[PDB]
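Residue numbers (the deposited numbering), protein chains in the order written: chain A, 1 to 230; chain B, 1 to 230. By construction, the Cβ of each residue, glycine as well, lies at the ideal position given by its N, Cα and C atoms. Step one of this worksheet: look at the structure below.
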Ligand SMILES: Cc1cc2nc3c(=O)[nH]c(=O)nc-3n(C[C@H](O)[C@H](O)[C@H](O)COP(=O)(O)OP(=O)(O)OC[C@H]3O[C@@H](n4cnc5c(N)ncnc54)[C@H](O)[C@@H]3O)c2cc1C
Ligand SMILES: Cc1cc2nc3c(=O)[nH]c(=O)nc-3n(C[C@H](O)[C@H](O)[C@H](O)COP(=O)(O)OP(=O)(O)OC[C@H]3O[C@@H](n4cnc5c(N)ncnc54)[C@H](O)[C@@H]3O)c2cc1C
Ligand SMILES: Cc1cc(=O)[nH]c2c3c(ccc12)OCO3
Ligand SMILES: Cc1cc(=O)[nH]c2c3c(ccc12)OCO3
Ligand SMILES: [Zn+2]
Ligand SMILES: [Zn+2]
C-alpha cells in the first residue's frame, strides 16, 4: 500500500509447486492491499524469439537486420509489437518485479529468457551508454523465486553444482542490476519433487511469511564479491 | 579429419558477424574433410517453449503436467515431437558441437536456450544417476563461440561486467559438463560492433586459424576454480 507488484511466472502447470508459490504470492500481496498483476507466460503463449516481427511498420535498415538497433529505434518511435509494449507498461508501473520459475539449465526457462530478451530493450531498460546504475529501471525492486531439482547440499561451493550464488550472476547482475533494479535476496526452494508433503508446505509457508515483510528488506550488494567472493 | 561437427547457430542475420564466424567454421572444417551440419535456429523457426506439445503419446500423469517427467518418458517410448528428435540425431552423431551466438543477457538468446531445454532431455543427454563425468554425451566435445557488446576490459575481474568466465558457468558446467561433454576453451569475440574493420577481420581469422588445430586441443578443467579462481 500503495505498491504495485508484477509477477512474471513461467510454469506450464497450475497445480505445480511453482503454481502454488505464485498463488501464495498473489494471495498475500493482495491481502496487504498491494496492486498485483501476473504475466503467465505459458498461458499467454508468450513469444520467446527475438525477430524482425518485433518491429511493426518499416525498419531503420532493412538491408542488414540488427535486433538491438531495430528494437532501440522502434522503442523511441513507438513502433514495437504490442506483446512487448504491454509487458513494458506492467514493468514501468511496478514497484517490485517477482520472477517465479523452475531452474532450467542453471537459468530461466527459454520462455522467460525470451521475455527478458524482448521486453528489456535498449531505450526502455537501459541506454548505451546507460546501465547498472545509469540503468533506466532504477528505483524498482526485483526478486528471483527459483525452484530446483538439485538439493541445497549439491548447491554448495564444493558440492557438484557449485554455490547457488554462482548461477545467479547472469540474472541478478548481468540482467536485473544492469537495468537498474535493486535486487532482493533470491528465494530458492530446493528440490520440491523429492518431497516431503510437509517440507513442501514448509517451503510455501516460508515464502508466504517472507512476503509479509518484503517492503522492509534491503537489496543485496549485487557485486562479484556477493556472488563469488568471501 | 574423419569427424562430424554440429554447429548450433543463433543469429537472425546471415551478413552478421556471427554469420561470418559460422561460415568460416563451415569453410574451415569442410576444407579439413570434416562432416559438417548447421542447425540455423532462426531460419528453422525453432520452437523454444517447453510445452505439452513436445509429447505426442499418452501422458504418464495427464492430471498434473511435469515437463521433465513427461519428456523423459516420451524419449524412452519414442513419442517426442520430431523437431526434438531431429536435433538429437545431429548431436548423437557429432564428435564436436559448436554453439555460435551473440551474448544476450550474459547467456544464450532464448531460441538457443530453448534448444538446450528441449533437446537435452533426460534419457538422451543425462540420467539420474548419469550426469557430469557420467553424463550420456561423454566422449563428445563442445565449444562456445560467443560475441559481445561489452569490450574485453569490461569483462575483467574489476571491470563493470566481471570476468568473462563468470557468465560461462551455467552453460559450460551447468549444461555441457552436466551432459558429459568435455568442454573446449570458449572462443570470445569481444565487441565487434565497436571494433575497426581490421580488428573485425582479425577476429574472424583468429577463429579460422584456431579451427585449423582444434582436434589437437585439450578440454578445460570445467570446475569452480577455473571459472572463479581463488
Ligand atoms: C529442461 C529442464 C532443465 C532443468 N535444469 C535444472 C538445473 O539446471 N538444475 C536443477 O537443480 N534442476 C533442473 N531441472 C529440474 C527443475 O528445476 C525442477 O524440476 C523444478 O524446479 C521442480 O519444480 P516444479 O514446480 O515443477 O515441481 P512440481 O513437480 O510441480 O512439484 C513438486 C511437488 O509439489 C507438489 N505441490 C504442488 N503444490 C503444492 C503445495 N502447495 N504444497 C505441497 N506440495 C505441492 C506437487 O504436487 C509435486 O508433487 C530442470 C528441469 C527441466 C525440465
Ligand atoms: C537482447 C540483447 C541482449 C544483449 N545482452 C548482452 C549482454 O548481456 N552482454 C554483452 O556484452 N552484450 C549484450 N548484447 C549485445 C550483443 O551481444 C551484440 O550486439 C552482439 O554480440 C554483436 O554480434 P553481431 O553478430 O550481432 O554483430 P554485427 O552487428 O552483425 O557485426 C558488427 C559488424 O561486423 C561486421 N561484419 C560482419 N561480417 C564481417 C566480416 N566477415 N569481417 C569484418 N566485419 C564483419 C558487420 O557488418 C557489422 O558491421 C545484447 C544484445 C541484445 C540484442
Ligand atoms: C544441471 C543440473 C543440476 C541438478 O542438480 N539437477 C538437474 C536436473 C535437470 C537438468 C539439469 C540439472 O533435470 C532434472 O534435474
Ligand atoms: C549486460 C550487458 C553488458 C554489456 O557490456 N553490454 C550489454 C549490451 C546489451 C544488453 C546487456 C549488456 O545490449 C547492448 O549491449
Ligand atoms: Zn550486480
Ligand atoms: Zn564443469
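Unbroken beta strand (DSSP E) run spanning residue 8 of chain B, endpoints: Within the second chain, numbered from 1, the residue matching residue 8 of chain B stands at position 8. Counting along the chain, the beta strand (DSSP E) containing residue 8 of chain B begins and ends at 4 to 9.
Three-state class that DSSP yields for residue 35 of chain B in the structure shown: In the second chain, the residue the question calls residue 35 of chain B occupies position 35. Residue 35 of chain B carries a strand assignment under DSSP once its states are collapsed to helix, strand and coil.
Closer than 7 Å: residue 175 of chain B CB and nearest ligand 6 heavy atom: One-based indexing of the second chain puts residue 175 of chain B at position 175. Outside the cutoff, so no.
8 Å Cβ shell around residue 79 of chain A - same chain, five flanking residues per side excluded: Indexing the first chain from 1 puts residue 79 of chain A at position 79. Cβ neighbours of residue 79 of chain A within its own chain (closer than 8 Å, five residues either side excluded): 55, 56, 57, 73.
Residue list, Cβ distance to ligand 1 heavy atoms smaller than 5 Å: Here the residues come out as A/16, A/17, A/18, A/20, A/102, A/103, A/104, A/105, A/106, A/147, A/148, A/149, A/150, A/192, A/193, A/200, A/204, B/66, B/67, B/68, B/117.
Min CB distance residue 107 of chain B to chain A below 8 Å: As a position in the second chain, residue 107 of chain B is number 107, starting the count at 1. So yes, residue 107 of chain B belongs to the interface.
Three-state secondary structure (DSSP) of residue 62 of chain B: In the second chain, counting from the first residue as 1, residue 62 of chain B sits at position 62. Annotated three-state conformation of residue 62 of chain B is coil, per DSSP.
8 Å Cβ cutoff met for residue 13 of chain B and residue 64 of chain A: Residue 13 of chain B sits at position 13 when you count from the first residue of the second chain. Residue 64 of chain A sits at position 64 when you count from the first residue of the first chain. In contact: residue 13 of chain B and residue 64 of chain A (Cβ atoms closer than 8 Å).
Beta-carbon separation (whole angstroms), residue 88 of chain A vs residue 124 of chain A, contact threshold 8 Å: Residue mapping note: residue 88 of chain A aligns to position 88 of the first chain, counting from 1. Residue mapping note: residue 124 of chain A aligns to position 124 of the first chain, counting from 1. Indeed they touch by this definition, with Cβ atoms about 6 Å apart.
Within chain A, partners of residue 173 of chain B - CB distance below 8 Å: Sequence index remark: in the second chain, residue 173 of chain B carries index 173 (1-based). Correct list: 106, 162.
Within 8 Å, strictly: CB atoms of residue 7 of chain B and residue 26 of chain B: On the second chain, residue 7 of chain B is found 7 positions in, with the first residue counted as 1. On the second chain, residue 26 of chain B is found 26 positions in, with the first residue counted as 1. A contact, by the Cβ cut-off of 8 Å.
Pick from A/15, A/47, A/173 that is closest to residue 113 of chain A, judged by C-alpha positions: To locate residue 113 of chain A, count along the first chain from 1; it is residue 113. Ranking the options by Cα distance to residue 113 of chain A, first place goes to A/47.
Among A/51, A/43, A/152, the one whose alpha carbon lies nearest that of residue 69 of chain A: Within the first chain, the letter at position 69 stands for residue 69 of chain A. For residue 69 of chain A, the closest C-alpha among the options A/51, A/43, A/152 is that of A/51.
Secondary structure of residue 221 of chain B, DSSP reduced to three states: Along the second chain, read from residue 1 onward, the residue named residue 221 of chain B stands at position 221. When secondary structure is reduced to three states using DSSP, residue 221 of chain B falls in the coil class, being assigned neither helix nor strand.
CA-to-CA distance, residue 147 of chain B to residue 156 of chain A, given in whole angstroms: Position 156 of the first chain holds residue 156 of chain A. Position 147 of the second chain holds residue 147 of chain B. C-alpha separation (whole angstroms): 30 Å.
Contact test: residue 172 of chain A Cβ vs ligand 8 heavy atom, cutoff 7 Å: The model depicted lacks ligand 8 and carries ligand 1, ligand 2, ligand 3, ligand 4, ligand 5 and ligand 6 instead.
Test item: CB-CB of residue 135 of chain B and residue 99 of chain B under 8 Å: Here residue 135 of chain B refers to the residue found at position 135 of the second chain. Here residue 99 of chain B refers to the residue found at position 99 of the second chain. For the 8 Å CB-CB criterion, residue 135 of chain B and residue 99 of chain B do not form a contact.
Buried or exposed by the 16-neighbour rule on C-beta atoms within 10 Å, applied to residue 22 of chain B: Working through the second chain from its first residue, we reach residue 22 of chain B at position 22. If you draw a 10 Å sphere on the C-beta of residue 22 of chain B, you find 16 or more other C-beta atoms in it, and that means buried.
Chain B contacts made by the region 195 to 215 of chain A, where a contact means CB separation under 9 Å: From the region 195 to 215 of chain A, no residue has a Cβ closer than 9 Å to chain B.
Proximal residues to residue 215 of chain B (C-beta, below 6 Å), its chain only, five neighbours per side dropped: For the purposes of this step, residue 215 of chain B is taken as residue 215 along the second chain, with counting starting at 1. Around residue 215 of chain B: 1.
Alpha helix (DSSP H) segment containing residue 91 of chain A, residue limits: The count along the first chain starts at 1 and reaches residue 91 of chain A at position 91. In the DSSP assignment, residue 91 of chain A falls within the alpha helix (DSSP H) that extends over 82 to 93.
Nearest to residue 181 of chain A (by Cα), restricted to the options A/149, A/193, A/102, A/143: Locating residue 181 of chain A in the first chain gives position 181, counting from the first residue. Closest by alpha carbon: A/143.
Beta-carbon proximity of residue 107 of chain A to residue 190 of chain A, cut-off 8 Å: Along the first chain, one-based indexing puts residue 107 of chain A at 107. Along the first chain, one-based indexing puts residue 190 of chain A at 190. Contact: no.
CB contact flag (residue 145 of chain B, residue 207 of chain B, <8 Å): As a first step, residue 145 of chain B must be located in the second chain, where it is residue number 145. As a first step, residue 207 of chain B must be located in the second chain, where it is residue number 207. For residue 145 of chain B and residue 207 of chain B, yes; Cβs fall inside 8 Å.
Residues that residue 114 of chain B contacts on chain A, provided the C-beta gap is smaller than 7 Å: Mapped onto the second chain, residue 114 of chain B falls at position 114. Correct list: 48, 110.
Extent of the continuous alpha helix (DSSP H) run through residue 71 of chain B: Sequence index remark: in the second chain, residue 71 of chain B carries index 71 (1-based). First-last of the alpha helix (DSSP H) with residue 71 of chain B: 67 to 77.
Contacting residues, own chain, Cβ-Cβ under 7 Å from residue 169 of chain B (five flanking each side not counted): Numbered from its first residue, the second chain carries residue 169 of chain B at position 169. Within the same chain, residue 169 of chain B has close Cβ partners 227.
Assigned exposure category for residue 84 of chain A - 16 Cβ within 10 Å defines buried: Walking along the first chain from the start, residue 84 of chain A turns up at place 84. Around the CB of residue 84 of chain A, 16 or more other CB atoms lie within 10 Å, so the residue is classed as buried.
Buried or exposed by the 16-neighbour rule on C-beta atoms within 10 Å, applied to residue 109 of chain B: The sequence position of residue 109 of chain B within the second chain is 109, counting from 1. Result: buried.
From A/163, A/175, A/101, residue whose alpha carbon lies closest to that of residue 131 of chain A: Taking the first residue of the first chain as position 1, residue 131 of chain A is located at position 131. Checked all of A/163, A/175, A/101; the closest Cα to residue 131 of chain A is A/175.
C-beta neighbour in chain A for residue 148 of chain B, strict 8 Å: The count along the second chain starts at 1 and reaches residue 148 of chain B at position 148. So no, residue 148 of chain B is outside the interface.
Cβ separation of residue 115 of chain A and residue 41 of chain A, assumed to be a contact under 8 Å, to the nearest whole Å: Counting from one through the first chain, the residue named residue 115 of chain A turns up at place 115. Counting from one through the first chain, the residue named residue 41 of chain A turns up at place 41. Confirmed, about 6 Å.
Between the CA atoms of residue 75 of chain B and residue 210 of chain A - distance to the nearest angstrom: Counted from its first residue, the first chain places residue 210 of chain A at position 210. Counted from its first residue, the second chain places residue 75 of chain B at position 75. In this structure, the CA atom of residue 210 of chain A is about 39 Å from the CA atom of residue 75 of chain B.
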